[PDB]
Amino acid sequence: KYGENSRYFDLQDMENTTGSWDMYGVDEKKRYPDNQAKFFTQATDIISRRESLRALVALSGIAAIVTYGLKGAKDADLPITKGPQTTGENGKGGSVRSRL
Amino acid sequence: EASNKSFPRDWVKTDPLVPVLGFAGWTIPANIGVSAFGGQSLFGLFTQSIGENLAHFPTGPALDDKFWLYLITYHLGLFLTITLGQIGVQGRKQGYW
Amino acid sequence: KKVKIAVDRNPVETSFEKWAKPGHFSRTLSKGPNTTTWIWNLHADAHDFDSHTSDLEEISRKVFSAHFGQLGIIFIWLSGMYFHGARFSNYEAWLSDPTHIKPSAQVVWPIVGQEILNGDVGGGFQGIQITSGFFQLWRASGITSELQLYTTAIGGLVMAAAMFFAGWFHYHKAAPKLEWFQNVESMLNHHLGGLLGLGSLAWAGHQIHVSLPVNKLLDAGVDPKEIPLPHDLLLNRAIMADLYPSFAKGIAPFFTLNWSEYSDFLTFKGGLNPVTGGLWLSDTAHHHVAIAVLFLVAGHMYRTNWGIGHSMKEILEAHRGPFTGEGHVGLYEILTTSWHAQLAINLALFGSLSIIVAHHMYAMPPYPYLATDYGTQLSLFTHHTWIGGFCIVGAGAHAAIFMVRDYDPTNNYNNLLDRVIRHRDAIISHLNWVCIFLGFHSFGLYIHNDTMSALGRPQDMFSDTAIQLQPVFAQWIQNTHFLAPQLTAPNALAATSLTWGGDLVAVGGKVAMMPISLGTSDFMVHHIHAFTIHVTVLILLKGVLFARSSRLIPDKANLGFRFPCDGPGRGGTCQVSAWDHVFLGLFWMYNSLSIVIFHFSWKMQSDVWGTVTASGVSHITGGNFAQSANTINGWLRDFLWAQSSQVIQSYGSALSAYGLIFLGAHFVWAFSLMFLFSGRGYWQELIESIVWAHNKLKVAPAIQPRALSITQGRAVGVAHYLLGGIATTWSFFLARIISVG
Amino acid sequence: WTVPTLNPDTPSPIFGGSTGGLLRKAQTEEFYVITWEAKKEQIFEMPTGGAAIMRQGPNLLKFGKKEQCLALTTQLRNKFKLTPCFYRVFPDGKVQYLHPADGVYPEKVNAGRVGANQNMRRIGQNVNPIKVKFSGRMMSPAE
Amino acid sequence: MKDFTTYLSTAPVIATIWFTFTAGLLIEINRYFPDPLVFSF
Amino acid sequence: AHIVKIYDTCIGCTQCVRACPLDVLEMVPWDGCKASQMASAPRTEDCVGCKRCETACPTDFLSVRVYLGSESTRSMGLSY
Amino acid sequence: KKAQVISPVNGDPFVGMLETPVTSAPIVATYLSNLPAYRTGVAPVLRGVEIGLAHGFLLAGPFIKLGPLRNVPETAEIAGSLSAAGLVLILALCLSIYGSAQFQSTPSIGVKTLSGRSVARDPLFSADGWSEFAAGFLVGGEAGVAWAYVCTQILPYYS
Ligand code: CLA
Ligand code: CLA
Ligand code: CLA
Ligand code: CLA
Ligand code: CLA
Ligand code: CLA
Ligand SMILES: CC1=C(C/C=C(\C)CCC[C@H](C)CCC[C@H](C)CCCC(C)C)C(=O)c2ccccc2C1=O
Ligand code: SF4
Ligand code: SF4
């Protein structure tokens, strides 16, 4: 067969030959509480598809970034929202010619 | 390697005498008074450093504490003793000489 | 008996017959040239002795005599430096005033206006201010006269002629057999007892009898003309017993083991001499006595002809683990069979040693008035750092050459080398990941600081003020070595260096050495150092482990060590060879050590070097390294643009040649890019369109003009790149530090 | 001569394990198997890395690339003077014989193998690329 | 010494000799006629 | 797959086949330029494009000619 | 000189993984097998929820203690939690497009488990399985970021 006498190639066992192994994967079904599994299977039902999750991402992200520009960058008190709060570098156009 | 077809689970040959004897062979000699310590010992000063640093428990030791020196030397010798003890035990048990 | 002299009488006849026939050493080039590539191959294969023949005996003889020639050349160079310090120097003037007079030992002839290079160095002299530190070395030897330099030069020329006679002898007249070279036990026993043990013992004797009294009197203000000559300190014991009363006891305290009586000239002072700014010569004398004893007992370790001792084969063969298979078996055969395996290890450790030297010569300046010659100190760090990096790259090279040529898989079955080649993918993958991790977390820190300070957010930088990454481990080690004489080295009067902390030693107003603080900038640059080192290691080690085979090319060993590519196939296989990995490791060695020496220069000019005139240490750049070197714009502005003011304004002054070699080095570096960016096939067609014009005018040569090889193009490019970059840095460094330091 | 069937009962050389072996290409696309009958136990050089000990008699060895198999083929043919023959194995179990596709090695004639991809003109008698323009795909004048 | 003089006839030795001679000639010209910018004499 | 074409200047020296690391080329008898052998490229699906073959061809320029074409796993030397 | 530790993977010296203590020590293999990534029998949505909770709770810390608003007292945790929410959303989009890209071929080769018993293929490595895995990842990541904010709000020794 495969595992004995150093016969490392068998046509009837191509998984052991090629190396298609699960080094750490176990197939046990008893992990999570069924109340918790029900909760988190139901909480993801509306997004368990590709296009629907991409729709949620698009909606939530467009909304988050738009409201970031509208209120969030102000609530974060970003300097770009406050403005210069001074005259600025207006009159110092150059060391020689102090342009506006 | 015609042998070793399963990666044995006892890859380290554990004899519980080894850690005990390494702790004993390093720490008991680590409690011998030398005049460089002022009549005290490395391990005694180490336990004293841990006692002083346990007083202000949340904050950690300083940089000029002299606790780190004792810790690092004690653990250097300790890890070397335990390592060589495991090596010697599994060299006497196995071949290698 | 086993270990003995074994030579052949008159193996090779001494004649110029093979001088008239170039390419004689190979079977391919001895037929003569037809293309110009022959002219390059004649030089590339000149010292490739292991391809001229297969027998290790003839290769070994060639190597031995070649080493003799290198030694003779080194002796010529040493004698030349001593001679230039004897005839063309201000040494006797510098000894009287070493804090004011600039060390110079190269006079320029006044031919085309280069008499401007004969600068006003001091002592009524006009020449080029040297930075090799020979004056400090000679003062530390106790020279005090140009005649002694003259006779040392003549002795060096005698010894050079002796070395060349020795090479001729040991090749042509009496050349040793292979079983003589293969006595590595004897070679190590002798190179440890007699070469490094007896050499250090003899140098200790000189340091006891010549350097210590002469320098003790030099430090006591005595004029070098009225100091007793060394032979007078040998014969007249009264002078020495006046200087050190333990010389009144003779050599009895040694044979009675009352060694503490010798505590006048064998000390453990530590720190620096306050009057010279260098290490105590009594400390160095005791040092060399000690390591001489140590090496002389280390040279009695291996077994040669009397059963006592060790067999290196037995140490190696009995060192094996459960993780490592058979262990070091077959390595004795590897290293007693391959010259390249030896050369790899030797170059690696020799270059790491040269960098050890660079780091240990500035923190512990061994020579009087070395630390206060900031040019000599900077040059001596930079030079040995560069030599070390080059040697390390060559170590990777010759490891690869071993793996290609001298590797035999029959000798190496499940030994350590086989087990490395078997999991080279793990090795190189983890090395790649750490190189990426370090590149990010070491350079993106600099980019983060650039972005923050450019955006006007200095509170978000990685600095000693905003987000501190303090190097707490190195700081703890500094404090552990500063407090060492109090607890962990009670017989030391001071620490080894003042860089650990404490008081500064300032000599002549200039700071010889002072504590070195480390902060966030030092953290970042040290991690940059480790990053670049790890990438160079990645390249060279990947060239070593994949020198025989890879998942791309499984037959790379048959292709060779030095080949350009297998083809454009497999998507493209250029620079798959183990030679091209060295070619790239050269670039990364340059990139690493440029930053190393930049870190050195800036840290020294900002936080160590300076003057104390009033109450206060005024450094050269004012300590900007702490706050300015968080950014790449910092190294631009305050190092590469600020410290370039001395090299680009050097025109019309004594340092103008430094500016010239600045510009010319910028030329050569960029010229390298003609060879690195391009490829042979363009130049061959350009060359043949030129050969058409030569044929038309009947001036086409018989030796057909070819473009350089691909490998040769890469070699020329890396050579010009390294030369130009290193010489640009050399000019910049020296022009800066001769002026401001 | 007839096409040999791959024997899976053939043992493998004594190898202690490497990291240069098979990847997911073996499980997904293809891999290769080289066989040879040895007269003795000789430590040869694996193209993946490291040295293995061939067994006295028949050997068998897996590789993820045909170039690996032919590298070992030339190594066993030139340094050991053997006559190996390798295949191409697909993950579904299909075996395809590859190297001595007619029985004899390709540098030797076999008196009956057909000449393929032979242009019966000189290399300078190829047409200009303007004549093979707009032939569908981008096509060399050698066609 | 026919072979020795053949060696001195090689390309690099002849180039060294010839360029040493040329450079020395130009150097001695520039010593005895310092700073020759134009053809005035 | 790359395109390997072999022209009638082949003198049949077998060097292109001995150099080929992928067993793409073979020597066919007399059904080519002349008698006394000839080369051929029947297994170009395995050609990577290394041009060892035309590196070893001794004729004027190269009787064997590799024209780099579309790439694949077999034509990119991938073990993955 | 016996008792060699390093072995080839599953005894096969030609596959190239070299079973090693870091790879296949009992405790290490036990820990890696117990991770929700390698629970090939449980639904991928729940393993995604668990993985996402972990990753959304850990990656709030950096944005909190090192973000641009790290120094304003109360705005820091809010800002870092919103940043971690955005990053979790980005990662969920990444997972969705990865499920679109990868799972189209259904490779026919089987899977064993280093002991011979031919286990089934993980339903996670299917288009629907990865869709529900990314759904669980989004839900669990946003919940974990929210709870990281909560733990900054309620934990006693939160400095
Ligand atoms: C390619 C551009 C270029 C040009 C046009 C020049 C031109 C000149 N340079 Mg500049 N120079 C250049 C590049 C150039 N240089 C470079 C790249 C460098 C850096 C290395 C320099 C560095 C440099 C310096 C440092 C100096 C010059 C000098 C000179 C002058 C030399 C005049 C001389 O030697 O009289 C020679 C006059 C002759 C008549 C000799 C002609 C040659 C032969 C011998 C004539 C044949 C006669 C006879 C038949 C021979 C007998 C045969 C024999 C075998 C017996 C001249 C203005 C010098 C100067 O003062 O400049 C103003 C000077 O000091 N140059
Ligand atoms: C004058 C005396 C003499 C003579 C006639 C010979 C004759 C011979 N030797 Mg021997 N040899 C001699 C001295 C001599 N040797 C010495 C002193 C050494 C010790 C270094 C050797 C070491 C030696 C070895 C190891 C080998 C020979 C070989 C040979 C043969 C050819 C060498 C050749 O091609 O020379 C022409 C070569 C040169 C002129 C090169 C000289 C290189 C010198 C030493 C260093 C110069 C470096 C220079 C400073 C760099 C400047 C850089 C520049 C850019 C400015 C021939 C039988 C070879 C042999 O037998 O192979 C069959 C061989 O392998 N010789
Ligand atoms: C006490 C004995 C002794 C000493 C001092 C040395 C010293 C040396 N050996 Mg070693 N060697 C020895 C024993 C010794 N060897 C034995 C027993 C063997 C046989 C196994 C070898 C085999 C050996 C090889 C194979 C090679 C050396 C090399 C070297 C030189 C390395 C260059 C260096 O470090 O620069 C330091 C330079 C000096 C200290 C300069 C002074 C050199 C003095 C004059 C010679 C040393 C004494 C000499 C060995 C005894 C013979 C004297 C002579 C008059 C007969 C160095 C001079 C290498 C070398 O450079 O080749 C030339 C080299 O390739 N040796
Ligand atoms: C290799 C290292 C070295 C050397 C060469 C010397 C050499 C010397 N030391 Mg120093 N010394 C050294 C290391 C060295 N020392 C170290 C490391 C220490 C620290 C422990 C000292 C500490 C020290 C002290 C404290 C003193 C010396 C003294 C001396 C001198 C007396 C030698 C003596 O009595 O020994 C005896 C040696 C011999 C008997 C050997 C003599 C061999 C002769 C030359 C044989 C040759 C004859 C020949 C075969 C035939 C003749 C040829 C021809 C005329 C026909 C001598 C100059 C003393 C001195 O004079 O102070 C200045 C002294 O007081 N030394
Ligand atoms: C102890 C030191 C040492 C020794 C003995 C050797 C010995 C050898 N090396 Mg190794 N090597 C070393 C250090 C050393 N190397 C270092 C430091 C590096 C990194 C640069 C390398 C990198 C290296 C590579 C990459 C290769 C070798 C090769 C070789 C072999 C032939 C070298 C040859 O023929 O060149 C003859 C000499 C030359 C061609 C001259 C080189 C010209 C230099 C670059 C000019 C620039 C130098 C100059 C100082 C700058 C000023 C220029 C000025 C003139 C204008 C030989 C066994 C080759 C080999 O074995 O492959 C088969 C090979 O491919 N070496
Ligand atoms: C400035 C020029 C430059 C740069 C940036 C790099 C960068 C790199 N080289 Mg290359 N290299 C260069 C010049 C350069 N090289 C030259 C001139 C040579 C000589 C031939 C080489 C030769 C060479 C070799 C031989 C090797 C490398 C390797 C590496 C990598 C190691 C560092 C790393 O991964 O850190 C992480 C990346 C960086 C530090 C690059 C800067 C990125 C910063 C941090 C910002 C990131 C931006 C961020 C993602 C935002 C994106 C914005 C969005 C709009 C896209 C990296 C990709 C090694 C490698 O690939 O193995 C690890 C390797 O083996 N290089
Ligand atoms: C410029 C260049 C060339 C062309 C360089 C030519 C071929 C040679 C350069 C000069 C040679 C050395 C001629 C110099 C003169 C001769 C030494 C003969 C002396 C004659 C008198 C000048 C004394 C390449 O062949 C090449 C190949 C691969 C990668 C990059 C490049 C590349 O960048
Ligand atoms: S390119 Fe390489 S693989 Fe293709 S036919 Fe030519 S030699 Fe063979
Ligand atoms: S190498 Fe060239 S000439 Fe020789 S057989 Fe091949 S194609 Fe023909």
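Residue numbering in chain C adheres to Swiss-Prot, whereby the residues present occupy positions 11-751 in order.
The backbone N, Cα and C atoms fix where each Cβ goes, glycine too.
Per Swiss-Prot, these features apply:
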type     : residues       : note
BINDING  : C:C575, C:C584 : [4Fe-4S] cluster binding site
BINDING  : C:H676         : chlorophyll a' binding site
BINDING  : C:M684, C:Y692 : chlorophyll a binding site
BINDING  : C:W693         : phylloquinone binding site
TRANSMEM : C:73-96        : transmembrane segment
TRANSMEM : C:159-182      : transmembrane segment
TRANSMEM : C:198-222      : transmembrane segment
TRANSMEM : C:294-312      : transmembrane segment
TRANSMEM : C:349-372      : transmembrane segment
TRANSMEM : C:388-414      : transmembrane segment
TRANSMEM : C:436-458      : transmembrane segment
TRANSMEM : C:533-551      : transmembrane segment
TRANSMEM : C:591-612      : transmembrane segment
TRANSMEM : C:665-687      : transmembrane segment
TRANSMEM : C:725-745      : transmembrane segment
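Features per Swiss-Prot, on structure.
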residue: C:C575; record: [4Fe-4S] cluster binding site; DSSP (3 states): strand
residue: C:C584; record: [4Fe-4S] cluster binding site; DSSP (3 states): strand
residue: C:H676; record: chlorophyll a' binding site; DSSP (3 states): helix
residue: C:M684; record: chlorophyll a binding site; DSSP (3 states): helix
residue: C:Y692; record: chlorophyll a binding site; DSSP (3 states): helix
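Cβ neighbour count for C:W693 (phylloquinone binding site): 17 (other Cβ atoms within 10 Å of its Cβ, all protein chains included). Cβ neighbour count within 10 Å across all protein chains ranks C:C575 highest among the binding-site residues C:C575, C:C584, C:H676, C:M684, C:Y692. Tertiary proximity for the transmembrane segment (C:591-612) is limited to same-chain residues at least six positions away from its ends with a CB under 8 Å from its CB atoms, namely 372, 388, 391-392, 395-396, 399-400, 402-404, 406-407, 410, 535, 538-539, 542-543, 545-546, 549-550, 552-554, 556, 585, 631, 635, 639, 645, 648-649, 653, 724-725, 728, 731-732, 735-736, 739, 743, 746-747. Closeness to chain E is evaluated for the binding-site residues C:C575, C:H676, C:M684, C:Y692, C:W693 by Cβ distance, with values under 8 Å counted; no residue is counted. If you look at the transmembrane segment (C:436-458), the same-chain residues 6 or more away from its ends with a CB under 8 A from one of its CBs are 430, 470-472, 479, 534, 537-538, 540-541, 544-545, 547-548, 551-552, 555-556, 640-642.
Cα to Cα, C:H676 (chlorophyll a' binding site) and C:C584 ([4Fe-4S] cluster binding site) are separated by 28 Å. Note: the CA-CA distance between C:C584 ([4Fe-4S] cluster binding site) and C:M684 (chlorophyll a binding site) rounds to 18 Å. Counting only the Cα atoms, the space from C:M684 (chlorophyll a binding site) to C:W693 (phylloquinone binding site) is about 11 angstrom.
Taking only the Cα positions, the spacing between C:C575 ([4Fe-4S] cluster binding site) and C:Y692 (chlorophyll a binding site) is 17 angstrom.
For ligand 7, there are no nearby binding-site residues; that is, of C:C575, C:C584, C:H676, C:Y692, none has a C-beta under 6 Å from one of its atoms.
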